[PDB]
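Presented as structure tokens, the chain that follows is alone, the form deposited in one PDB entry.
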């Protein structure tokens, strides 16, 4: 039918491959998955349509799914998140990948539709990040719905949307919540953003974090990671939250907690980690100090009112890709990053490989569960068993040279748990 793939420049493949080479050495989980299942090919017969930012780490994921006997067609879930040299390597590798940095809402949709049909039939598996693929099939291609063995969501918002779908009886295929595995959530969301947020901010503005007032909206795992990152550089972080528990945590950590209505007049850097709309409005923009850097890191771009900036600023000047400086009627400048989209993936290279290995290992595990043990997952959204969760963490201990302790028969008996058996109750929050 359509082309075999389409990227920005396939001349980037060589370089993309070196990156993939270094990347692999940083993601033990994925490589271990390869080590164990390359022969068995547990994913044989699977036609996985994936919609997840096309980065170097997503490239190692794709190739791991393939090494396991799967058949995939990829696409990014963000028009800015793609890493073109990574996409090139994948494309040149024979994998039909349809993504490139800077697509248009139009081309974006074209790419997703490109992954729906395989050589010997339509997709029978979904690996989503954001729920775009699953929402597309569900609302536009209902016919394919019954041929999909399972879904694999990894984003807080997406998984949130899934639970909602079920709550309304809209979900029609078994889904697995991968975001809520301890190794994914407590490490990706938190440790990931702690490292990739300032990377985006810096590569984009090269601003000095130290001595600045950074306002972080939301103290969830992402906000926790961002608040920590900024704090460590010498910034005075102010937090805004709607949850009294998350609010108390910020307070116990020495962060002042106020409303954006108040904080906007103080902040020097604004970071939205909220999962919802209307976090930074024009009423706030009008208060901001000159040259205030505004950016969003929550999965979607609905948190900052960019339209307002565009329709109220005296003038807008692009400094470079994904970096705009608006001049407001008050004579104050505002530096918007990545047009209100994910700053780490849009102005930088996303989370580091090591941490992505945790999430993606969880991803590969979900793909094998749903595909290999279907009758184990009725229509609804499930979690990965704790044993697999701990296995995922275990796989990365070696690289870090961590030496785990082994319970003695006596201890295991005293604690009333197995030497290896899950070490924590299902309600444990780590």
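Numbering follows the first chain given and starts at 1.
Visitor: For the higher mean C-alpha B factor in the entry, choose 371-379 or 49-57.
Guide: Between 371-379 and 49-57, it is 371-379.
Visitor: Would 86-94 or 322-330 have the larger average of its C-alpha temperature factors, as given in the entry?
Guide: The deposited B-factors put 86-94 ahead on the C-alpha mean.
Visitor: Just grab whichever of 236, 284, 138, 202 has the top CA B-factor as deposited.
Guide: Highest C-alpha B-factor among the listed options: 138.
Visitor: According to the deposited entry, which of 336, 288, 257, 133 has the largest Cα B-factor?
Guide: Of 336, 288, 257, 133, 133 has the highest C-alpha B-factor.
Visitor: Looking at the C-alpha B-factor of residue 221, is it in the lowest, middle or highest third of its chain?
Guide: Within its chain, residue 221 is a lowest-third residue by C-alpha B-factor, going by the deposited values.
Visitor: Lowest, middle or highest third of the chain for the C-alpha temperature factor of residue 424?
Guide: According to the entry, residue 424 has a C-alpha B-factor in the chain's lowest third.
Visitor: Split into thirds by Cα B-factor across the chain's modelled residues, where does residue 407 land: lowest, middle or highest?
Guide: Its C-alpha B-factor, which the entry lists for residue 407, ranks in the lowest third among residues of this chain.
Visitor: Ranked by Cα temperature factor within the chain, is residue 389 in the lowest third, the middle third or the highest third?
Guide: As the PDB entry reports it, the C-alpha B-factor of residue 389 lands in the middle third of its chain.
Visitor: For residue 185, return the chain-relative third of its C-alpha B-factor as stated in the PDB record: lowest, middle or highest.
Guide: It falls in the middle third of the chain.
The form deposited in another entry is left out here; the points below concern that form.
Visitor: Two rigid parts between this form and the one not shown; residue 410 and residue 229 together?
Guide: In the two-part motion between this form and the one not shown, residue 410 and residue 229 are assigned to the same rigid part.
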